[PDB]
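Remember, it's 1-based here, ligands and their atoms both numbered in the order they're listed. We name chains A, B, ... by the order of the sequence lines, and we start the count at 1 in each one. Atom set for the values below is all heavy atoms of this structure, side chains included, hydrogens, waters and symmetry mates excluded.
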Amino acid sequence: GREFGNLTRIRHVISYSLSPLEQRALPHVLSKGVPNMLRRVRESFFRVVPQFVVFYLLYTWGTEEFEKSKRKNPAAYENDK
Amino acid sequence: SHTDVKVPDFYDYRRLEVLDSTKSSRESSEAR
Amino acid sequence: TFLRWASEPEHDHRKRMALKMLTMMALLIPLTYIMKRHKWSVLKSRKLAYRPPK
Amino acid sequence: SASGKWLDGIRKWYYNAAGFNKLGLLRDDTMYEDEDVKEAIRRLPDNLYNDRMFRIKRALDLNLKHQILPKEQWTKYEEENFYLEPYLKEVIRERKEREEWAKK
Amino acid sequence: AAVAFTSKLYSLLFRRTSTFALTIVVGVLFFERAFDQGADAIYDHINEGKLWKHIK
Amino acid sequence: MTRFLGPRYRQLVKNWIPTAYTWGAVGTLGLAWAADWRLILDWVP
Amino acid sequence: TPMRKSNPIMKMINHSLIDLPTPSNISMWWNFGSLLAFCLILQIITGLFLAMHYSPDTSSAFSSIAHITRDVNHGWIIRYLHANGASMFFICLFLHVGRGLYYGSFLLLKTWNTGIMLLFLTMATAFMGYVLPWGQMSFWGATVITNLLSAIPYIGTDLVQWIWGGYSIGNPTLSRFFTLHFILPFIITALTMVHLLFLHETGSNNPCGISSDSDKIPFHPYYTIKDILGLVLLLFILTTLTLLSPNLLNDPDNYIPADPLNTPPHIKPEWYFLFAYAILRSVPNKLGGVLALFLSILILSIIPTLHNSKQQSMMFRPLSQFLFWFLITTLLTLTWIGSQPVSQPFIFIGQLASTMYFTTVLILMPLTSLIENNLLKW
Amino acid sequence: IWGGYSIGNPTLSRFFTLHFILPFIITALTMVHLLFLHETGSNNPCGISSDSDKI
Ligand SMILES: CCCCCCCCCCCCCCCCCC(=O)OC[C@H](COP(=O)([O-])OCC(O)COP(=O)([O-])OC[C@@H](COC(=O)CCCCCCCCCCCCCCCCC)OC(=O)CCCCCCCCCCCCCCCCC)OC(=O)CCCCCCCCCCCCCCCCC
Ligand SMILES: CCCCCCCCCCCCCCCCCC(=O)OC[C@H](COP(=O)([O-])OCC[N+](C)(C)C)OC(=O)CCCCCCCCCCCCCCCCC
Ligand SMILES: CCCCCCCC/C=C/CCCCCCCC(=O)OC[C@H](COP(=O)(O)OCCN)OC(=O)CCCCCCC/C=C/CCCCCCCC
Ligand SMILES: CCCCCCCC/C=C/CCCCCCCC(=O)OC[C@H](COP(=O)(O)OCCN)OC(=O)CCCCCCC/C=C/CCCCCCCC
Ligand code: HEM
Ligand code: HEM
Ligand SMILES: O=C1C(=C2CCC(c3ccc(Cl)cc3)CC2)C(O)=C(O)c2ccccc21
Ligand SMILES: O=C1C(O)=C([C@H]2CC[C@H](c3ccc(Cl)cc3)CC2)C(=O)c2ccccc21
Ligand SMILES: [Zn+2]
């Protein structure tokens with residue numbers, strides 16, 4: 001079936017490659033890779049983060065409320081006698 | 001036709017172990 | 001302290017053994033990463049061109 | 001009326017947010033190849049077919065290299081070409097006609 | 001020209017697959033012992049006074 | 001779908017109704033016979 | 001020809017993982033299937049060993065595990081490995097599902113359906129292993145899960161009593177749990193092979209959602225070394241969890257043996273289940289609760305049917321992405337609610353989270369897809 | 001293999017685990033067996049080629 005002899009039909013594309021032993025494995029990290037990671041974080045920040053911030057607010061609120069609910073109310077004894 | 005062919009330059013990627021050229025080719029190969 | 005020991009005798013030997021095999025598994029990460037980078041450099045530096053007769 | 005300029009404004013915003021232009025790609029490049037789309041691609045003339053194939057390979061190479069084109073080379077919203085739409089409309093008409101025959 | 005270390009290493013040991021394999025078994029024999037001894041030393045040293053080997 | 005609304009499909013369904021309720025009878029009686037379902041089998045003489 | 005292609009067994013291996021054409025551009029999210037397989041293998045091995053020391057009897061189960069962890073040489077670490085491997089297994093499983101939801105790989109229908117089957121099987125297996133120690137939590141977990149079939153209106157109670165083998169949970173039920181827990185993993189293995197058979201007829205989808213037949217590379221050497229790297233990382237994490245912090249996920253209430261007369265005041269299942277538990281807790285009706293419990297997972301089967309977009313992947317679809325991450329946070333919320341007592345704030349929050357989960361899958365995503373289509377002018 | 005100085009309780013559980021697992025290995029190998037068979041087809045009583053009279 002699917003085999004490297006007849007996958008698709010292409011015309012007029014040229015490629016060039018070096019061998020691994022001719023070139024470096026980690027050529028430019030701090031001059032190219034770091035800024036690229038930075039933009040890659042920039043492009044997705046506001047699509048992911050705010051939902052989790054909202055989750056954090058909800059969690060803390062619900063915890064606080066549950067913990068208030070367990071403390072004794074002075075009006076339950078002071079009001080009528 | 002083809003005769004206009006030329007591989008683009010790869011200078012950024014190549015190892016310094018061949019750029020510091022004071023050693024025969026095949027001995028370099030061996031070191032790498 | 002005695003109840004701690006009664007609940008978990010493997011304590012000391014466990015920590016002893018952690019030092020070793022964690023050192024090893026930590027060492028193996030960068031080595032295999034280097035091997036990966038070596039095999040993938042062929043594609044990472046590849047250059048294309050389009051030359052139709054036009 | 002103004003409503004046209006307003007709708008076109010939001011449409012341009014959505015287009016820049018999508019970001020396939022950063023890879024050098026046209027909108028019609030990004031369709032999923034269902035049955036009708038494959039038949040429309042079969043009908044293209046050679047020049048359009050070859051241009052499409054190279055554009056797509058180039059985007060794939062960039063994605064491999066976690067990179068994008070220079071800003072100067074991004075596809076602009078005001079000068080794009082919907083080269084595949086016409087053929088697709090014809091394919092869909094033909095299928096609709098056959099369906100409608102099949103219920104009589 | 002320049003008899004360099006990694007080139008000697010390639011030509012003597014790594015060029016032939018059998019000898020590469022032999023090199024590997026020989027290296028592991030000695031690595032194992034050195035590595036064990038170092039680790040045990042460190043461990044013993046972190047908690048002197050608390051192990052029954054010495055309290056004995 | 002919206003495709004299968006039309007005359008041919010109505011005719012085609014009518015063609016297969018009887019076979020459908022016959023297979024229904026087969027399945028129902030078989031289930032009952034297999035699980036000794038008294039709710040149905042107590043009415044069999 | 002090379003021997004690589006001389007013979008059916010060898011040629012199937014070759015078409016599977018030597019000369020298979022893979023996309024050049026797939027990312028780390030595609031490593032988690034191989035890690036799943038690794039985890040299955042680890043579980044089977046460590047289980048076959050444990051099996052030879054465990055006792056499927058209610059008067060010695062607990063003490064057999066004590067024996068394993070105290071007297072068997074390095075038995076404690078084998079126990080630790082089994083228990084932590086299950087956790088890793090589910091981590092990988094969840095991430096594996098999520099990928100496919102994001103990148104539109106559910107359009108491979110056969111692979112997707114066999115995946116749903118596998119999810120169900122793995123969950124059954126994990127639960128039937130969780131009751132074998134016969135601690136205080138194990139017992140009541142068994143009880144609840146086997147009472148679930150009482151909700152079937154006409155035949156339910158009889159089903160419960162036929163699974164118990166008696167008037168109540170007891171010795172005859174534990175051997176059933178153990179036989180089933182023994183046999184299921186191998187059915188999982190076979191179905192995994194079918195799963196991959198189905199996959200290799202089309203090949204892998206990729207992040208861009210467009211056809212990759214112009215840039216296919218062979219599986220070997222590229223993805224071989226890539227997956228080996230992934231495995232090394234998984235082993236580092238697993239070792240640190242096993243040796244440096246073994247009690248991180250552990251539950252004290254399962255170190256008390258079973259007592260049929262007392263349920264403990266605070267009830268909590270294993271973490272990978274909490275969310276279902278929350279869903280089950282949220283409906284004030286028995287039958288409705290169980291129905292929701294099962295629909296929560298069965299709903300994945302109609303995602304392919306509700307797909308309206310012209311594009312396959314969310315990579316180029318921002319509104320879609322926003323909704324995706326909101327859904328993930330709803331699931332986190334259900335997990336958190338599952339940990340808390342059944343008290344009023346958490347009751348109300350859980351009900352909202354459940355309604356929003358189903359709402360989002362069934363309504364909001366389809367409609368955002370239509371809006372998106374209109375914004376691109378098709 | 002005994003797990004001790006003699007035949008005893010630790011050996012019986014080993015017998016039982018192995019007896020549980022082997023039949024399924026047998027099943028898988030049976031499938032391989034038939035896979036191998038169907039590449040050639042069945043021999044017959046006469047020992048001569050039957051490709052002129054296959055049903
Ligand atoms: C005592 C225990 C000790 C434990 C020690 C543990 C040590 C672990 C060491 C691990 C080392 C791993 C090395 C891997 C090398 C692999 C190389 C490779 O090829 O990688 C490719 C892979 C990416 O693959 P890809 O092909 O790009 O595809 C991915 C996407 O498709 C690409 O899509 P994209 O391009 O769109 O994405 C861009 C961007 C997307 O960005 C975003 O989405 C935005 C993010 C914004 C974040 C902002 C900050 C946070 C939020 C703040 C918001 C504001 C709050 C305001 C609040 C207000 C309140 C009022 O994403 C990134 O760039 C992500 C990069 C970082 C990845 C981090 C991975 C973490 C792993 C953690 C493991 C934990 C378990 C350890 C074991 C524990 C045992 C107990 O990863 C990388 O490229 C990064 C490699 C480096 C990772 C280093 C991770 C170190 C973690 C250390 C943890 C130590 C603490 C543990 C705590 C435990 C607690 C229990
Ligand atoms: C879930 C549990 C409960 C399930 C209960 C099942 C209920 C339904 C049972 C139906 C039984 C009869 C079906 C006959 C169908 C024949 C179709 C066919 O092709 O026939 C012609 C074929 C071929 O015949 P032929 O080729 O000579 O000619 C046929 C041509 N025509 C039709 C024109 C005449 O005959 C067969 O070879 C059919 C063999 C069928 C064997 C069935 C064995 C019984 C299995 C079910 C009973 C046991 C249930 C146990 C439950 C226990 C619960 C605790
Ligand atoms: C006594 C102590 C133990 C001693 C152990 C000694 C052995 C050590 C390990 C040796 C590993 C094997 C290395 C050599 C393998 C050679 C394989 C070979 O020649 O076959 C290659 C060739 C490749 O096929 P094509 O692609 O068609 O080739 C066409 C080329 N144009 O043939 C094949 O297909 C592969 C055949 C593999 C045969 C492997 C034989 C293995 C023998 C192992 C013996 C172990 C004995 C252990 C004894 C223990 C004590 C009782
Ligand atoms: C022991 C306790 C365990 C608790 C549970 C653990 C599992 C759940 C973990 C939840 C948090 C996961 C965070 C993962 C990192 C997210 C990084 C991120 O936002 O990056 C966005 C970045 C954007 O890239 P692109 O759109 O492709 O374009 C870039 C190329 N130009 O990457 C992505 O969006 C890829 C998203 C892939 C899917 C991720 C799925 C994560 C959650 C999955 C599990 C959730 C539960 C199960 C869900 C399904 C239930 C039916
Ligand atoms: C034991 C459980 C499972 C195992 C061992 C397993 C194994 C695998 C493997 C090895 C792959 C290869 C590609 C990859 O790693 O991404 C894969 C792909 C896939 N799996 Fe599974 N899987 C399991 C469960 C699931 C589940 C639960 C689902 C969905 C609900 C699923 C759906 C898919 C899909 C759709 C693909 C192909 C998607 C693509 O290539 O884009 N699988 N699986
Ligand atoms: C997908 C594969 C498997 C999963 C997810 C799984 C899961 C589990 C879990 C969660 C436990 C309880 C852990 C604990 O109590 O700390 C367990 C226990 C057990 N499992 Fe596995 N298991 C798998 C495969 C197997 C296999 C193939 C066997 C074969 C005999 C096996 C034998 C056992 C035994 C004997 C126990 C009880 C021992 C103990 O609790 O430590 N398991 N399993
Ligand atoms: O990891 C695989 C993979 C497979 C590799 C070999 C694995 C494996 C697991 C266990 C054993 Cl004993 C042997 C091989 C199973 C998964 C497979 O079939 C794919 O098609 C695929 C596609 C893209 C990315 C990764 C993969
Ligand atoms: O009350 C419960 C309870 O409700 C469950 C539940 C959790 C969800 C399970 C579940 C069933 C089916 C699926 Cl598809 C997923 C999870 C069933 C058991 C437990 O696991 C449990 C464990 C120990 C003590 C009490 C309990
Ligand atoms: Zn040890």
Side-chain angles (χ1 to χ4, degrees), chain A residues 33 36-50 52-53 56-57 60, chain C residues 22 26 29-30 33 36-37, chain D residues 66, chain G residues 16-17 20 22-23 25-54 56 61 64-65 68-69 75 78-80 82-87 89-90 121-123 125-135 138 178 181-186 188-189 192 196 199-200 203-204 207 219 223-224 226-227 229-230 233 236-241 244-245 248 250-251 254 270 272 315 325, chain H residues 17 20-21:
Chain A
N36 194 37
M37 269 290 184
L38 261 46
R39 66 146 192 99
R40 277 176 77 170
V41 169
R42 276 151 29 194
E43 282 172 22
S44 52
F45 182 88
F46 289 102
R47 296 179 196 181
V48 190
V49 171
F52 285 94
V53 172
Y56 170 83
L57 297 174
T60 47
Chain C
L22 292 189
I29 296 178
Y33 172 78
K36 192 263 180 183
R37 291 287 292 210
Chain D
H66 302 293
Chain G
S16 303
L17 48 68
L20 178 66
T22 314
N25 72 319
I26 65 181
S27 44
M28 57 164 273
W29 295 112
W30 271 252
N31 274 21
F32 286 115
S34 53
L35 298 180
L36 279 164
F38 177 72
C39 285
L40 177 62
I41 289 168
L42 172 72
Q43 284 304 85
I44 285 174
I45 303 185
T46 47
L48 280 171
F49 271 44
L50 289 174
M52 287 185 279
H53 291 271
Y54 171 76
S64 78
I65 294 174
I68 281 159
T69 51
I78 295 172
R79 215 257 178 127
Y80 279 172
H82 199 65
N84 297 160
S87 284
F89 196 145
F90 278 97
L121 291 180
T122 46
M123 280 194 285
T125 305
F127 199 92
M128 277 190 291
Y130 158 83
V131 309
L132 293 188
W134 217 243
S138 306
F178 173 76
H181 184 70
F182 204 119
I183 185 53
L184 284 192
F186 298 95
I188 278 157
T189 299
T192 301
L196 288 173
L199 176 62
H200 294 164
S204 302
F219 185 89
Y223 287 107
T224 281
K226 199 166 174 174
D227 281 354
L229 173 58
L233 289 165
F236 174 73
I237 289 174
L238 177 62
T239 35
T240 47
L241 196 61
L244 206 65
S245 275
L248 186 71
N250 222 304
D251 179 13
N254 218 38
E270 201 66 34
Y272 35 88
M315 178 172 176
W325 291 112
Chain H
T17 308
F20 204 119
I21 185 53

*In terms of atom number and element, which parts of ligand 7 are under 4.0 angstrom from non-hydrogen atoms of G/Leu20?*
20 (O)
_Protein N/O/S atoms closer than 2.8 Å to atom 21 (Fe) of ligand 6_ = G/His82 NE2, G/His181 NE2
*Would you call the rings of G/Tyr54 and G/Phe178 parallel, tilted or perpendicular if under 30° counts as parallel and over 60° as perpendicular?*
tilted
*Considering only heavy atoms of G/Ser27, which atoms of ligand 1 have at least one such atom less than 4.0 Å away?*
26 (O), 28 (O)
*Taking distance alone, with no angle check, do G/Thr240 and ligand 1 share an N/O pair under 3.5 Å?*
no
*Would you mind checking which non-hydrogen protein atom is closest to atom 58 (C) of ligand 1, with the distance to 0.1 Å?*
A/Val53 CG1, 4.8 Å
*Looking only at atom types and distance, does a side-chain atom of G/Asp251 sit under 3.5 Å from a main-chain N or O of G/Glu270, one as donor and one as acceptor?*
no
*Verify, without hydrogens or angle tests, whether G/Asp227 (side chain) and G/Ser34 (backbone) share a donor-acceptor contact under 3.5 angstrom.*
no
*Is there a heavy atom in G/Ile65 that sits closer than 4.0 Å to ligand 6?*
yes
*What protein heavy atom is closest to atom 83 (O) of ligand 1, reported as residue, atom name and distance in Å?*
A/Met37 CE, 3.3 Å
*If you count the atoms of ligand 6 from 1 in the order shown, which ones are under 4.0 Å from a heavy atom of G/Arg79?*
16 (O), 41 (O)
*Is the closest heavy atom of A/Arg47 to ligand 1 under 4.0 Å?*
no
*Taking only heavy atoms of G/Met28, which atoms of ligand 1 are found under 4.0 Å from at least one of them?*
22 (C), 23 (C), 24 (O), 26 (O), 28 (O), 29 (C)
*So is A/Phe52 in contact with ligand 1, going by heavy-atom distances below 4.0 Å?*
no
*Which atoms from ligand 6 have a heavy atom of G/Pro133 less than 4.0 Å away?*
15 (O), 40 (O)
*Answer yes or no for G/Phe219: is there a heavy-atom contact with ligand 7 below 4.0 Å?*
yes
_So for G/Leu241, does at least one of its heavy atoms come nearer than 4.0 angstrom to any atom of ligand 1?_
no
*Which ligand 6 atoms, with their elements, are less than 4.0 angstrom from a heavy-atom of G/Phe89?*
1 (C)
*Show which atoms of ligand 7 fall inside a sub-4.0 Å distance from at least one heavy-atom site of G/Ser204.*
22 (C), 23 (C)
*Among protein heavy atoms, which lies nearest atom 42 (C) of ligand 1, and at what distance?*
A/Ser44 OG, 3.5 Å
_With nothing but distance in play, are any N or O atoms of G/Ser34 less than 3.5 Å from an N or O of ligand 7?_
no
